[PDB]
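Q: Structure below; questions to follow.
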There are 4 protein chains.
Amino acid sequence: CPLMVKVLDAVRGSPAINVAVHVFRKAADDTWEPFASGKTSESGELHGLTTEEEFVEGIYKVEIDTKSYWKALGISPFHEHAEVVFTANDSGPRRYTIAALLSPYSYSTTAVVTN
Amino acid sequence: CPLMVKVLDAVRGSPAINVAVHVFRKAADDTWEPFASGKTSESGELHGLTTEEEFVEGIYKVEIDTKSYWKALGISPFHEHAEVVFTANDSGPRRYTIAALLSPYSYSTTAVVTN
Amino acid sequence: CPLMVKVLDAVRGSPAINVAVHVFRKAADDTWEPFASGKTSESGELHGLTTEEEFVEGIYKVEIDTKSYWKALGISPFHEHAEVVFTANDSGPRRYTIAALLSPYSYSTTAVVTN
Amino acid sequence: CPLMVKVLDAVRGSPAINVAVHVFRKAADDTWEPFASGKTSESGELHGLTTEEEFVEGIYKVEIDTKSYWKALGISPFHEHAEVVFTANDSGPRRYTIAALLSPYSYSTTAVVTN
Ligand SMILES: *C(=O)c1cc(/C=C/c2cc(C)c(O)c(C)c2)cc(N(C)C)c1
Ligand SMILES: *C(=O)c1cc(/C=C/c2cc(C)c(O)c(C)c2)cc(N(C)C)c1
């Protein structure tokens, strides 16, 4: 599993469940092409977005739909989404975990990159 | 000043100086139009991006050029940029401060919205 | 002002107003001696804790009374307080800003150390 | 496993490995008593600190020895440690994950609390 997304809720102290995630890959013409999508599980995790074969070198954008999440809990939040934009695999295949910690007017994101 | 950007460096414990910032407004055709830009000061701040008159309700994107900042310090970073996307809503008088705290593989962002 | 504390609220998108802050210095017997205290202002800031003369090298603890802040907003929080413990080192002239970004189950803290 | 600690490195984009963690529990006389200790694994995780039987209601302090960690990588960091202080089990047994994301002059911490 070369690309995993983990989302936590800093208000509830819980995984952020049923958070929609859209992944895009920049195409040769500099447009964002849809790559993969899914939603976080009861553990706040999203696995199975892509495969080692399909996850080639490129610039990827991980869009985490935080506004839809907060709205469903009665919070009118600040951000539309949290966007994580990075070059992947440019020194060969790596495994990437994109983690996000959400609050209504703030978020933090990190990456864990393993060989 | 309706819109200020503040950038801090979590590796040096300092303001993040000379960081390029680009602000975009979402157009009717759902494309991102350039709106304002500049470079953070010696205090990590960027003021004077826009005016009360021009900063109407809409969806805005603040792109912080973190990759060039880390490259200038000789540190390999993860992200291409940090992106903060939000709706500006006129409910009363308000000032938006977008703050970001940068690390090579992580960032934190918050909004300080005041009257 | 050698030592300033700044507190932000990640749920409201605001300064964290009227937060009690206690500063301690580590004594020779390895106990924490009260040093300075106060409450954040309407801008989330606490100035005037100490002087250049009194703020000598040593180990300091900044305790931020987050639990009382969340209780006053009717929100169940995780932590008893947020604690920032650091050594003050005289290398050149410097000002320490301790910043904290609060959520009910999370906090972020950074140091901005300037000349 | 009712108390787990997870530590990430925001500079390297990796688990924070071999981070020492000390847990204390406030005694009736308001002193901190040693409760448990250990170090993070190659995954940045510390399991097996306590048992459901021993982890009774109380105020706990999780001290993460971040200064020792950074010093071993050639970084003179700001903080002495990251301290996470909380009341545990006061509505019955819960499972607690204390997560921390480290930078030289900053850290973020959150808790995931499950029934
Ligand atoms: C898996 O990698 C993982 C990660 C985390 C925590 C991530 C995290 C912590 C903090 C303090 C942040 O600011 C960010 C952005 C991420 C937790 C877990 N759990 C819940 C076991 C797994
Ligand atoms: C003014 O608004 C301001 C803000 C801050 C710090 C911001 C900040 C801290 C932490 C811990 C974060 O995680 C985030 C995202 C933002 C500091 C200052 N200074 C430098 C006076 C001013």
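We count from 1, first residue shown onward.
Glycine is no exception: its Cβ is also placed from the backbone N, Cα and C atoms.
For A:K6, A:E45, A:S108, the entry in Swiss-Prot reads L-thyroxine binding site. Residues or ranges marked as N-linked glycosylation site by Swiss-Prot: A:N89. If you look up Swiss-Prot, you'll see A:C1 marked as sulfocysteine. Annotation source Swiss-Prot lists 4-carboxyglutamate at A:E33, citing experimental evidence. Annotation source Swiss-Prot lists phosphoserine at A:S43, citing similarity to another entry.
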Q: Taking CB atoms only, which of the recorded positions A:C1, A:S43, A:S108 fall under 8 A from chain B?
A: A:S108
Q: Which residues, sitting 6 or more apart from A:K6 (L-thyroxine binding site) on the same chain, put a CB under 8 Å from its CB?
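A: Spatial neighbours, sequence-distant, of A:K6 (L-thyroxine binding site): A:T40, A:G44, A:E45, A:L46, A:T97, A:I98, A:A99, A:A100.
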Q: Starting from each candidate's C-beta and looking 10 angstroms out, tell me which of the recorded positions A:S43, A:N89, A:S108 has the most other C-beta atoms.
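A: Of the recorded positions A:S43, A:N89, A:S108, the most buried by Cβ count within 10 Å is A:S108.
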Q: So among A:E33, A:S43, A:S108, all listed as recorded positions, which is physically nearest to A:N89 (N-linked glycosylation site)? Use the C-alpha atoms.
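A: In terms of Cα distance, A:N89 (N-linked glycosylation site) lies closest to A:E33.
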Q: Around A:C1 (sulfocysteine), how many other C-beta atoms are within 10 angstroms of its C-beta?
A: 13
Q: With the Cβ under 6 Å from ligand 1 as the test, give me the qualifying entries from the recorded positions A:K6, A:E33, A:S43, A:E45, A:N89, A:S108.
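A: If the test is a Cβ under 6 Å from any atom of ligand 1, the answer is A:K6, A:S108.
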Q: A:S108 (L-thyroxine binding site): which of the modified residues A:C1, A:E33, A:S43 is the nearest Cα neighbour?
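A: If we rank A:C1, A:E33, A:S43 by Cα distance to A:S108 (L-thyroxine binding site), first place goes to A:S43.
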Q: Whole-number Å only: compute the distance from the Cα of the residue listed as 'phosphoserine' to the Cα of the residue listed as '4-carboxyglutamate'.
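A: For the residue listed as 'phosphoserine' versus the residue listed as '4-carboxyglutamate', the Cα atoms are 28 Å apart.
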Q: Rounded to whole angstrom, what's the largest C-alpha distance between any two of A:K6, A:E45, A:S108, listed as binding L-thyroxine?
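A: So the maximum pairwise Cα distance among the L-thyroxine binders is 16 Å.
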